[PDB]
Amino acid sequence: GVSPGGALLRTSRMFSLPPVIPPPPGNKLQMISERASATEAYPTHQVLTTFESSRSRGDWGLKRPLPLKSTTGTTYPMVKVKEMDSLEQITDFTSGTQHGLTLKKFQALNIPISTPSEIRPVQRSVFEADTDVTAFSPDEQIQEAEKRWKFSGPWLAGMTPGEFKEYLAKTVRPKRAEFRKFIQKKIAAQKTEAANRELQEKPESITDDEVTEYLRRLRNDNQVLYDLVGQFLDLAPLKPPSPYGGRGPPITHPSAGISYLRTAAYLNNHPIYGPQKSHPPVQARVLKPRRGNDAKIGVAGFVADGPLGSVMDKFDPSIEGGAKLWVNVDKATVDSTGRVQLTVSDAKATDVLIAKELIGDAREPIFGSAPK
Amino acid sequence: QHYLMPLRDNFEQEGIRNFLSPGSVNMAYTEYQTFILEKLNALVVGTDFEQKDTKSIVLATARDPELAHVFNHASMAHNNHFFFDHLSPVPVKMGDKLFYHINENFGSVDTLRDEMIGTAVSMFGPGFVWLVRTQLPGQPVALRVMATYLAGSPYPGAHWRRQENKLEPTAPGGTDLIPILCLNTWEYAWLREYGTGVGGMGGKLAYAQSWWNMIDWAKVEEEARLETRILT
Amino acid sequence: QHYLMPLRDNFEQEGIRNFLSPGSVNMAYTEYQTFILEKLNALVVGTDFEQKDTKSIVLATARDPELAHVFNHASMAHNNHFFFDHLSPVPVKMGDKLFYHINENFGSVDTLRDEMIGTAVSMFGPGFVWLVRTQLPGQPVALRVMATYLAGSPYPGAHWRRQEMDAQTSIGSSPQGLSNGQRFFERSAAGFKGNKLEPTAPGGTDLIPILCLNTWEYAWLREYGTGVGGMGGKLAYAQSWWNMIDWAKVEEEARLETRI
Amino acid sequence: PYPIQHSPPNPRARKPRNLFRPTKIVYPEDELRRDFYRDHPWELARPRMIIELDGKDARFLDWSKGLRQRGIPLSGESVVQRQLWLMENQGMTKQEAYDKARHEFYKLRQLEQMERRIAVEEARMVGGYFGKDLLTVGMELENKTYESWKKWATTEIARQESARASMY
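Reading the values: the criteria
Residues numbered from 1 in each chain as written, not as in the entry; some residues may be left out. Chains lettered and ligands numbered in written order. Part of a larger assembly, values for the part shown. Heavy atoms only, no water. UniProt positions renumbered as here; feature names shortened; annotations may be inferred. Axes fitted to C-alpha atoms, helices over the stretch in contact; angles between N-to-C directions. Helix = DSSP H or I, 4+ residues; strand = E, 2+ residues; numbered from the N terminus. Parallel < 35°, antiparallel > 145°, perpendicular 65-115°, else oblique. Contact = heavy atoms within 4.5 Å. Nonpolar A, V, L, I, M, F, W, Y, C, P; charged D, E, K, R; others polar. Buried area = accessible area lost by both parts, 1.4 Å probe. Salt bridge = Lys/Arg side-chain N within 4 Å of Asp/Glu carboxyl O. Polar contact = N/O pair within 3.5 Å; in protein donor to acceptor, adjacent residues only side chain to side chain. Expected span 1.5 Å × (residues − 1). Bend = angle between axes of the 7 residues up to and from the residue. Left-handed = near helix turned anticlockwise from the far one by under 90°. Buried < 20%, exposed > 50% of the residue type's maximum accessible area, 1.4 Å probe, protein only.

The PDB entry lists chain B under the name Fe superoxide dismutase, with Neurospora crassa OR74A given as the organism. In the PDB, the structure is listed with the title "The structure of the mitoribosome from Neurospora crassa with tRNA bound to the E-site". In the Subcellular location part of its UniProt record, chain B is described as follows: "Mitochondrion". Here chain B is described in UniProt, under the heading Sequence similarities, as follows: "Belongs to the mitochondrion-specific ribosomal protein mS42 family."

For chain A, the PDB entry supplies the name bS1m and the organism Neurospora crassa OR74A. Of chain A, the UniProt comment under Sequence similarities reads exactly: "Belongs to the bacterial ribosomal protein bS1 family."

Structure, rendered in structure tokens:
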């Protein structure tokens, strides 16, 4: 019954703009700044592009054409729109290269994302048919639920004392009746197990008496109870009797849609030298030197801890442009908060020399001149 | 004078059940290989490479602008025969000892499947996809997937080296590899049988997919040498 | 979206009588160009290149590494159709002006004939062999032959992807190896830093590709066969191709300055 | 006039207000788009053009084939539309349809990233040189910006020193 004009808008490109997702979650009790805000952990608005011809006119498929002062001249045309029409009759926009190019930088490292491992390194891919699964069935047993990553219930350890009370009085309290039915289904199957077995050599599931007594038998073994309660509220397992239980489930996909590579078990064949041992190094910056009990380094837009090891010790104003060292990214993963934590590992000497050779800035060429 | 080796399981006439037909194999190996050998025999007429094997010629005539044609035919002939030397008549089961190491270097068999097939479909220029075993810091038994473009050899020697035996055991930054499994992507193997691939059906993709079901894993495990935890 | 277009003289339905059967031309152009374009469309389905022509994509999408894979399909589709727009149903008689100039740069029509053909087999790889018209500010118009590996653009605006030398066998320890090695790094270092090694006139008019020759496997692997026994094969494919060159059209693109 | 009601009006309201106010347009996709893009926040960094060429982009969209379609790029929207199709036609659940379509999205993105690496690598095997990668360019711009910060810091530092002489 939709009108033809209303049927075109449903599939229009503008109507496809995703809603502004909540910002990257941070500690609920901090002193965040209000007037000034730095770049976020992950993007929140959709980045836009246009044709080189339509950009010279300021046409971005928006309400009105954007100004040419800050929208033309750059190589990569990227822009974010906070409001298509604000109270000032202007499209409140801003450059989107902060996050747009950071994705391109990270995708130039050629590194997959793997599930974190407690401290024999085992980098298991995130995109697998055994772990990456959201759909389920009620009949499924508790064990497979650990594999999942998208739980409907909240994380108890993460919730604040106020949020916890609200959850109890608005999600758990008005569920006793339904929970009683859930037990009946379990008790029903229990009666069928003995019958089926003896028959080799289900009931209507309506017994309000066994249920009450069934819960009094589990008061001495709280473990099996929580195991059952976690299935009715879809809570992330917390006790070892494990995966991502230290910081809780990932609010997003374990890869967070930043890289879709499954493994890095490849050897880039170099033209002259041949198949190299490790991956090409990457130059990074130095932020917050040791002399804060750790050093921060900027590896392709992201901030990660320095390798476990001058340069990191003290700051040096004389160095122009700042201290820049080469380094190899070993492992990358997404924490519960959504940040992209990189296991930056010190690079080798030959790798840097080989990689600089193509750039043409290598002081001494390994090819030919090198006698030994 | 190098002669044409017979196929492992009389595939020349019988053919693979679901991978390639006799006619396709005829043009892929019976005819193509002979073409290379015939041209290779005319280049090593009464020379040091007269009695040497295919592998030796590759290492010897490695990266020489004067022996280009020799390396080309030699390397191609060897790789071609090597690719057909790992095709089982029927789908064989993967050994438990090999199934374990694959999960330690790639996480799952499907991951390796997509990585090997993916690299084939994503290579514009004809080449080979190699599954080689190496020893790396932290993983004594390490399996890696490497692609040699055009006629490039996968062996370590087949690359430029430095001096001080003057030649080093490996190339600058390189390592020692052991080619286990291969996958020929040249048009000769897949074009005639599976076609161009227009419409996303048949084509080079379907070729690689059918190649994964006829791998002689028994032989793959043999050349893997999982017992030798330290290779030098 | 980029869509396949008809061939010059109805070669899709009939094909060249003595060079390529209709079936071969079908698999060579209609069933391959479509495949390439299908991939190309998916790549530029939502970028600035959604409405740009192949050549514009080639030149524009050349230096940037992140878009290397787009260059291949775009360039391949261009070169492929560039190779079919120079054949003719019947052999054409070489133009006088063109015939004369050829001898002044190659010595004879047969000298150039065996050079291009010889270069093809020498490559032992899929590539395109061109016929380029060189010109400099004061130097007279001079022709030359160029070999492009896989997808290689002969134009001077796509120098980054010219791919004129296989680094595998052309860089060793011999005297030529070192020489080729220096050039390889000199180009990379220059290109990376933005320096220009060889000055080129604005508009990329120094080099104008007149004729081309597709040596890819799919083109000839069917009609001429594997080539075992020298009967047919890649060699014969190049030979037969030399008889269908539309020298008339070749002369037009040459645009030789009147000097007779 | 009585504006178009895009959602069932509150039947419980006895004295309703804003009867002559246009209503919000909500589709079933809105719920799905929010879910997906929250699971893949870095999918928003992929630029997406919302500038319609001729408006006839919804004429060749057949979601029964797969994610890849004519005229539209592979993005989260294609996943949602594909998800909605399976959920309705094939009578799948929200989660089930989400899993299937989502997994197809991954495989198509993996090949795209593999081509880039193999493209540049193979190109150099035949004498192919490229320009400055995005990584190098990014670091260069930081140098120019970091140096400007050094100047400002040095000045203000000296300012405080001179401002400290007046305290005594």
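Caption draft 1: Broad picture of the packing of helix α3 (residues 68-84) of chain C against helix α3 (residues 94-124) of chain D. Running from amino to carboxyl end, α3 of chain C crosses α3 of chain D at an angle of 75 degrees, the nearest separation of the two axes being 7 Å. Here α3 of chain C is positioned roughly perpendicular relative to α3 of chain D, judged by the angle of their axes. Contacts between α3 of chain C and α3 of chain D pair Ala68, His69 and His73 of chain C from the former with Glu115, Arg116, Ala119 and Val120 of chain D from the latter. Of the residues contributing to the contact of α3 of chain C with α3 of chain D, the split by class is three nonpolar, two polar and two charged.

Caption draft 2: Inspection of the interface of chain B and chain C at higher detail. Every contact between the two is made by 34 residues of chain B and, on the other side, 36 residues of chain C. For the pair chain B and chain C, the two sides together bury roughly 2900 Å², of which 66% comes from carbon and sulfur. At the boundary of chain B and chain C, one finds zero salt bridges. Run the count over chain B and chain C and you get four residue pairs in polar contact. The set of elements that each furnish at least two residues to the side of chain B that touches chain C consists of α1 (22-41), α3 (68-84) and α6 (187-194) of chain B. It is α1 of chain B that contributes the most residues to the side of chain B that touches chain C, eight residues altogether. In terms of residue class, the side of chain B that touches chain C is built from 17 nonpolar, ten polar and seven charged.

Caption draft 3: Looking closely at the side chain of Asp234 of chain A. Residues and elements named next belong to chain A. One can find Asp234 in the loop between α8 (222-233) and β3 (282-285). Of the polar contacts made by the side chain of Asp234, one reaches the backbone nitrogen of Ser152; its length is 2.7 Å. For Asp234, the residues in contact, after removing those within four places along its chain, are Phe136, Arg148, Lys150, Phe151, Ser152 and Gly153.

Caption draft 4: Broad picture of α1 of chain B. Residue and element names in this part refer to chain B. Taking 1.5 Å per residue, 20 residues should reach 28 Å; α1 reaches 26 Å between its end C-alpha atoms and fits that length. At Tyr32, α1 is deflected by roughly 30 degrees, the largest bend along its length. Here the buried face of α1 lies against α2 (54-60), α3 and α6.

Caption draft 5: Seen up close, the packing of helix α6 (residues 176-200) of chain A against α8 of chain A. Residues and elements named next belong to chain A. Two elements in contact, α6 and α8, have axes separated by 11 Å at closest approach and are oriented at 120 degrees. Classified by the interaxial angle, the pair formed by α6 and α8 is oblique. The element α6 and its partner α8 pack so that their crossing is right-handed. Two secondary-structure elements touch here, α6 through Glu178, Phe179, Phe182 and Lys186 and α8 through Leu228, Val229, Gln231 and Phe232. Classifying every residue of the contact of α6 with α8 gives five nonpolar, one polar and two charged.

Caption draft 6: Here's a closer look at the pattern of salt bridges. Going through the model one piece at a time under the given rule, you end up with 40 salt bridges over all chains. Residues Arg10 of chain A and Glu29 of chain D are paired through a salt bridge, measuring 2.6 Å at the closest nitrogen-oxygen approach. Remark: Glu29 of chain D occurs in helix α1 (residues 28-39) and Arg10 of chain A occurs in helix α1 (residues 4-10); the pair is interchain, linking two chains. A residue is classified by how much of its surface remains accessible, and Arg10 of chain A, at 32% relative accessible area, is partly exposed. Between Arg8 of chain C and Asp9 of chain C there is a salt bridge, and its shortest N-O distance comes to 3.8 Å. Its relative accessible area of 30% is what places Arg8 of chain C among the partly exposed residues. Residue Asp9 of chain C is classed as partly exposed on the basis of its relative accessible area, which comes to 34%. By sharing partners, the salt bridges in this structure join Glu43, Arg46, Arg109, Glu112 and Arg116 of chain D into a single network.

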